[PDB]
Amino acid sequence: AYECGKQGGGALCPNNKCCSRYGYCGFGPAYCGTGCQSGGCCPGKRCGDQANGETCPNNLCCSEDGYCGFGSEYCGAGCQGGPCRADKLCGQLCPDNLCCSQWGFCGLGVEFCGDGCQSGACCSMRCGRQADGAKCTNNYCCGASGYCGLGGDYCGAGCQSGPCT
């Protein structure tokens, strides 16, 4: 019956819906208040230096104060994670599986994850016996066909390297 959070296999709710302490999605104090696991919690979840490095769920910004949210107070000056307004440098893996572009910035989409992607959720990174025994980054699995990724297709049967099986 569960939808989200520790009860629901770590799933997130769509459209910033809060995951309650009990593992269901909604808005209002029952969901977003005490025990809120993810989504638009109020107050925001604790993040960054103020929670042992933990990033914000649902790609929220981590404020200078170490709360999760959106707006200039969270993403602007002093932002310490999520889609901060500042460019995010890498080369230092990108947080939360963001791609590190060939030019050393974090992002998602083909400019980051496509040609020249260094690490993170690259579109098409080759590995294993199809790529000279090359390893995957980010502790991803090498799939049977010698592509990097995660999930059963890469970590399951035929997995060559990384956290197989």
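Note that residue numbering begins at 1 and tracks the sequence as displayed.
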Requested in this report: Enter the number of deposited residues without atomic coordinates between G91 and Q92, binned as none, 1 to 3, 4 to 9, or 10 or more.
Outcome: 4 to 9
Query raised in the report: Which has higher Cα B-factors on average according to the PDB entry: 151 to 159 or 20 to 28?
Result: 151 to 159
Report summary line: Between 51 to 59 and 33 to 41, the record assigns the higher mean Cα B factor to 51 to 59
Query - Options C136, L98, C68, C117 - largest CA temperature factor per the record - result: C136
Query raised in the report: Lowest, middle or highest third: where is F112 by Cα B-factor in its chain?
Result: middle
**Report entry** For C127, the third of its chain into which the C-alpha B factor falls
**Finding:** highest
Report task. Select lowest, middle or highest to describe the third in which the CA B-factor of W103 falls within its chain in this entry. Result -> middle
